[PDB]
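Okay, structure first, notes after.
There are 2 protein chains.
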Amino acid sequence: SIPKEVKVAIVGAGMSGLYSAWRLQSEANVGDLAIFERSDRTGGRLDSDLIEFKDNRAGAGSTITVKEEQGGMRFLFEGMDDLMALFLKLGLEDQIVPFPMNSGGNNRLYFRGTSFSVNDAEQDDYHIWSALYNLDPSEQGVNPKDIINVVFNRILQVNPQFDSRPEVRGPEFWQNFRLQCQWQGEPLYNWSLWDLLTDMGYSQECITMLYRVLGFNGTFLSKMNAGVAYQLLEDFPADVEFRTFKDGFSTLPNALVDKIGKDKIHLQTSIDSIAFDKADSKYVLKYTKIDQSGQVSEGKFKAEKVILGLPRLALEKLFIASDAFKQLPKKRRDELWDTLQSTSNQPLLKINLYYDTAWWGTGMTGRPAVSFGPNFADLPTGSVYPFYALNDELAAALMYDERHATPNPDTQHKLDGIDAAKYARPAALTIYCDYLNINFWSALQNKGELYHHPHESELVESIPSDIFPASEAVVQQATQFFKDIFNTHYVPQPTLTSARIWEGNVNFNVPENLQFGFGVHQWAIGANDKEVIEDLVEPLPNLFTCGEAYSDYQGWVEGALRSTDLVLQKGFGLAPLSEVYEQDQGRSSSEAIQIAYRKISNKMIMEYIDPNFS
Amino acid sequence: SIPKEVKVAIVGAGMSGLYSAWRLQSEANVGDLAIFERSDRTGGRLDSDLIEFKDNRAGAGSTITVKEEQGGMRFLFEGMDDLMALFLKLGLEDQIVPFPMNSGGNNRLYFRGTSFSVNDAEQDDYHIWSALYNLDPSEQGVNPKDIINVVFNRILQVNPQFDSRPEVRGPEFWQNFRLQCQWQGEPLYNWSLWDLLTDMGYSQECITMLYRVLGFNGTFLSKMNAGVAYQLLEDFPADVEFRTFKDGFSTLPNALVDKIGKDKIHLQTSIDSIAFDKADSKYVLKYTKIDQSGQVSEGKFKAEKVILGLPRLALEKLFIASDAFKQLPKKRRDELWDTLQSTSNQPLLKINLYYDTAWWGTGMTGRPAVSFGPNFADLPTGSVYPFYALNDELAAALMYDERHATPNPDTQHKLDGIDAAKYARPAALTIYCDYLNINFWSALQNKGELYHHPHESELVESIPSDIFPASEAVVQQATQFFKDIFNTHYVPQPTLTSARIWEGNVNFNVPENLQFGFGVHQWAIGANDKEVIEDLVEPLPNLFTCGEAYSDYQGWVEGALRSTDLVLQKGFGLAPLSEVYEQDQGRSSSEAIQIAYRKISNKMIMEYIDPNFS
Ligand SMILES: Cc1cc2nc3c(=O)[nH]c(=O)nc-3n(C[C@H](O)[C@H](O)[C@H](O)COP(=O)(O)OP(=O)(O)OC[C@H]3O[C@@H](n4cnc5c(N)ncnc54)[C@H](O)[C@@H]3O)c2cc1C
Ligand SMILES: Cc1cc2nc3c(=O)[nH]c(=O)nc-3n(C[C@H](O)[C@H](O)[C@H](O)COP(=O)(O)OP(=O)(O)OC[C@H]3O[C@@H](n4cnc5c(N)ncnc54)[C@H](O)[C@@H]3O)c2cc1C
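So the protein sequences, as listed, match chains A and B. At the far end of the first sequence sits residue 618, using my numbering, and the numbering has no gaps. At the far end of the second sequence sits residue 618, using my numbering, and the numbering has no gaps.
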């Protein structure tokens, strides 16, 4: 039942739409709102899967669960102040577990037909990179990612007017970095990273090594500017401690939906166009709803305020079709369309292949065991990430591991058995790539017949509805690249698969459950995002825009939250959540989350790993 | 003066718009037509430049002229039957000169930090490719482009139902190739080239070598399908004899404009939207004209028939804004928009750097002289093509060269002096690249200040208005890549430059003289172009579409001509020009053009090279 009029109409049940409604209900006493979501699910670019595997090893109708992610998978305790505050207010801190990013040097690298480990690559003064790439003398004998770091240091050095001193380098730091720093008199947001390194004298061989070794090449080869490219590249230090939720990032939007109420959320309801009723000072919203039968139904309704929690492509579609934008004078209407062009569309994809057991441990490869983190390659694969069945003991061991503790022999021996035991349980690999590698897989995914392991029903309970299977061709090609990357003859067929290509669609032939926006966005060459961001808060009276795409912290949920906060401030008087958290708690969400996690971690370690722990 | 009503309104003064008007006037007695062109020039993606250089060598106000191309540059006597017929009917055959494509093995190759010649690369069983790329055994010891040829032969072999016997492989052959041939049960237009070679077992190393060595990578890395990719790859045999016009491809549209009349061509007149007056059964065309002052003026007019000689992006803009398309029922309107999505947009660019003398001959490099054809590199440069000052003796020598004749010592000695003399005259290099390399140069072109050689006025007479200079950064980076490619310390600053980025624009901030459509187009994955082509001839009653973008022969003027012929047939009863030519002449345009050129060539050779010639 679509209401006749609401105080606030929220378009999009992604993080920014859900977060808007939750903060409005809770902090502004707005009860007369509704969320309108075109797909059959909440959460947008957060999309977890919990697959329940039949426990089929000899000594066992018991079940084992593998969490996977089709969208976002990780976050940080620092520099994500709205997100941390949001976790604490929803009481989700007790579900936070490690997201480890290395295997002590055993992670795989595949470049120019050669398979090797992270440890192999450091040997002999990083010799392998000098053998694989025709590098200049100043480009040899250094860890490739330290070239990125050094260049960053040089940028800071020639911009002394630019502060460069906060030990938490957050969105304001990164905005000022790309808008204030220059190289050779031109500011970084007028530079592409590719041009920049070239102008600095780097060989094309070295540049190619850099964009292949990082597994994501849009920072180099797309239309994003160098300044925002560096915000992304200096998000993955070596000393990263990422975290995630045990049951997946979807924990967060699901918790938001519990607080909001399913009755105020209208799924399978696309907002087609928007007009303004000058008589009663109300927006009018054309929608198309799809019943559970499939029975389509068009309709209209009114709203005092409209919040568009939507990325670039969806805003463009709305803009084109909406009288509210057309009735605008040509100058301002053109200026608004141009402003939408200021953030680049970054396609992403995740292909998840699930296995009844893991085959990349030492028992199956005869080579040093691969555990956690990205396995990078200049193959279309881009990056490959392992996922394991949920296991409390494993999570405690990983919590122990992220401490600087030095286990005694008995603790180390229990850790060893725990590390090895995860290979005997169901597990999965994610293929995760961007820009240049998208087209290899999309053509593959849409060709021929889809993959299904025979007797699927006999091993996997139910298959979630958000899972669309990988094509047979995708599985075939992924399997061959896995043999390359993991240097092994043995890669079995998967028991379950999923393909998700986060690439914007403009074809009417596409089923609803296959329409996805662009994976992420990043500011383009020439974008003054300080001007663009403020222009997009409230582009018409009482019609608001927010989300990741035009945010402070593109790539991340925190961007959606901070962008939405600007709407919540200007249209409703709400201060930023992180600042509201601090005044209510007497400390920051960062400090609070660190302390709470330390307590949960300590208890997990003493319960599962070392009863006599520090 | 914009007329009140016309019988036929032609939108676009590219080849398809000009060709439509010329054939309608001449063969259908339609005098009440007009052409409406948004830019300040005719010809669209054909754009020649004739630069007149002050003759400043010691023994000389005499002038020397360098032809260059910002768009199309070459054609073939075979497989281009409309174009040949068109040349003959306009009497342009006497201006046809060779477009040579090699330097007897001295052309340059730059791959993975290494500079070498075509002759070097064949040495020792193509050893250099095995040293530069980590190739499989079945990929070593063969000329890279012969891998493309072999794979093509294998495709033909497993499709015996597919004829594969015409010795002129024309657009019908290539359409049936991509729509009828299959690999592993899936037809070629559902395949990407990248997926195809991978599925055939080629290494990613070999695939990368292939798309770098060919200098154009969209065939591999874009959304075009494998079948149409092969139409393009098997357009450049080793035994190519391309030709061009002495004064550039612009010779052709300029000749069309002479026949049509400047009074029926309305420059700086964009067609904004289209509606249908149901009362008088007429289309109504909203336009925006720009006076010579710059004084804008909106207006409207009517037309009985409308011919849209426009590519994908321009048709999309019209479609969105036009009541004639909006009043369409949602099913057919969506189906039409989807049909527009079936051809991929291929960006291209040409950057032309002019020099007072050529510096890539042996006198300046100390290395074997580079003459004609593409110098390929895995640098952003893609391909580099030399152009020389116009010289009758040089053209005759090149005409002699394309024969299989074997000069005696005195003829060879005169040829030697002619080959060497072109380096002492003004010359130019074109940087010509596609897909993956576009973003490197666009960011460079729009950064910082534009390039101007001091005392430009003192060396170049007038600068044509279609010339926009390369940025200083573009020149800087091109100069360094030239030192790499040509293996030389010495690359001087250019005397004149031009940058043309054939990449579709959707920003209102762009001056008119910087708005260009996509360089070329190619059918996408899943496009049944036989259905798409016929759907796009006359999508609404008396409103027609044609041009290269949705044609039989994408990439080439012949595609525009053949697409337009379909409009001329269905809306006006005109048979294809090539068939009209044959009935009027008693032979084909191919045979006619070969004979006429042979006569011109013979006379040039006897006049300049060998008075006693075969
Ligand atoms: C592969 C991938 C991995 C990521 N990993 C991480 C990570 O590790 N950490 C992190 O912090 N972030 C990560 N992110 C980013 C994070 O997912 C996003 O920044 C955030 O979820 C986007 O939220 P949003 O509200 O801005 O937009 P969206 O999530 O895209 O929500 C927009 C919603 O609006 C709906 N919609 C669109 N048009 C209409 C319409 N006309 N009517 C109704 N509804 C409409 C869409 O269906 C969608 O639900 C990742 C993203 C991707 C793609
Ligand atoms: C770099 C490059 C090299 C090429 N080399 C070759 C070659 O060697 N050989 C060959 O045969 N072909 C070549 N081509 C292809 C050839 O240039 C094209 O196929 C052909 O010129 C396209 O003609 P067209 O009429 O289809 O479109 P266009 O030439 O693009 O003409 C469309 C015209 O419509 C105008 N227009 C657009 N929208 C509007 C509007 N709303 N109102 C009014 N006017 C409008 C545009 O300004 C333009 O003049 C090359 C192309 C490129 C880009």
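The C-beta atom is built at its ideal place from N, Cα and C for all residues, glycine as well.
Hey, could you find the ends of the alpha helix (DSSP H) residue i is sitting in?
{"i": "residue 4 (chain A)", "result": "Beyond the ends of chain A as shown, which are 5 and 618, falls residue 4 (chain A); an answer cannot be given."}
{"i": "residue 493 (chain A)", "result": "Careful: residue 493 (chain A) lies outside any alpha helix (DSSP H) and carries neither H nor E."}
{"i": "residue 20 (chain A)", "result": "19–32"}
{"i": "residue 437 (chain A)", "result": "Here residue 437 (chain A) belongs to no alpha helix (DSSP H); instead the beta strand (DSSP E) covers 431–438."}
{"i": "residue 601 (chain B)", "result": "593–612"}
{"i": "residue 349 (chain A)", "result": "From DSSP, residue 349 (chain A) is part of no alpha helix (DSSP H) but of the beta strand (DSSP E) over 347–350."}
{"i": "residue 574 (chain B)", "result": "561–576"}
{"i": "residue 417 (chain A)", "result": "413–425"}
{"i": "residue 123 (chain B)", "result": "122–136"}
{"i": "residue 389 (chain A)", "result": "Careful: residue 389 (chain A) lies outside any alpha helix (DSSP H), inside the beta strand (DSSP E) at 387–392."}
{"i": "residue 212 (chain B)", "result": "208–217"}
DSSP three-state label for residue i, please.
{"i": "residue 450 (chain B)", "result": "coil"}
{"i": "residue 79 (chain B)", "result": "strand"}
{"i": "residue 545 (chain A)", "result": "coil"}
{"i": "residue 73 (chain A)", "result": "strand"}
{"i": "residue 99 (chain B)", "result": "helix"}
{"i": "residue 178 (chain B)", "result": "helix"}
{"i": "residue 88 (chain A)", "result": "helix"}
{"i": "residue 146 (chain A)", "result": "coil"}
{"i": "residue 380 (chain B)", "result": "strand"}
{"i": "residue 191 (chain A)", "result": "strand"}
{"i": "residue 363 (chain A)", "result": "coil"}
Going by alpha carbons, who is nearest to residue i out of the options?
{"i": "residue 595 (chain B)", "options": "B:86, B:219, B:26 and B:331", "result": "B:86"}
{"i": "residue 225 (chain B)", "options": "B:239, B:238 and B:208", "result": "B:208"}
{"i": "residue 163 (chain B)", "options": "B:206, B:180, B:170 and B:135", "result": "B:180"}
{"i": "residue 244 (chain B)", "options": "B:600, B:54 and B:102", "result": "B:102"}
{"i": "residue 606 (chain A)", "options": "A:436, A:404 and A:520", "result": "A:404"}
{"i": "residue 505 (chain A)", "options": "A:434, A:360 and A:491", "result": "A:434"}
{"i": "residue 369 (chain B)", "options": "B:255, B:495, B:34 and B:481", "result": "B:495"}
{"i": "residue 304 (chain A)", "options": "A:315, A:288, A:314 and A:297", "result": "A:288"}
{"i": "residue 219 (chain A)", "options": "A:148, A:593 and A:465", "result": "A:148"}
{"i": "residue 30 (chain A)", "options": "A:591, A:584, A:602 and A:610", "result": "A:584"}
{"i": "residue 42 (chain A)", "options": "A:250, A:36 and A:295", "result": "A:295"}
{"i": "residue 258 (chain B)", "options": "B:492, B:502, B:597 and B:52", "result": "B:52"}
{"i": "residue 274 (chain B)", "options": "B:291, B:498 and B:284", "result": "B:291"}
{"i": "residue 377 (chain A)", "options": "A:366, A:371, A:392 and A:383", "result": "A:392"}
Would you say residue i touches ligand 2, meaning its beta carbon is less than 8 Å from a heavy atom?
{"i": "residue 560 (chain B)", "result": "yes"}
{"i": "residue 40 (chain B)", "result": "yes"}
{"i": "residue 436 (chain B)", "result": "yes"}
{"i": "residue 78 (chain B)", "result": "yes"}
{"i": "residue 149 (chain B)", "result": "no"}
{"i": "residue 506 (chain B)", "result": "yes"}
Ligand 1 and residue i: does the residue's C-beta get closer than 8 Å to at least one heavy atom of that ligand?
{"i": "residue 315 (chain A)", "result": "yes"}
{"i": "residue 2 (chain A)", "result": "Because chain A is modelled from 5 through 618, residue 2 (chain A) falls outside the range shown and cannot be assessed."}
{"i": "residue 326 (chain A)", "result": "no"}
{"i": "residue 273 (chain A)", "result": "yes"}
{"i": "residue 226 (chain A)", "result": "no"}
{"i": "residue 608 (chain A)", "result": "no"}
{"i": "residue 73 (chain A)", "result": "yes"}
Looking at the unbroken beta strand (DSSP E) that takes in residue i, where does it start and where does it end?
{"i": "residue 501 (chain A)", "result": "500–506"}
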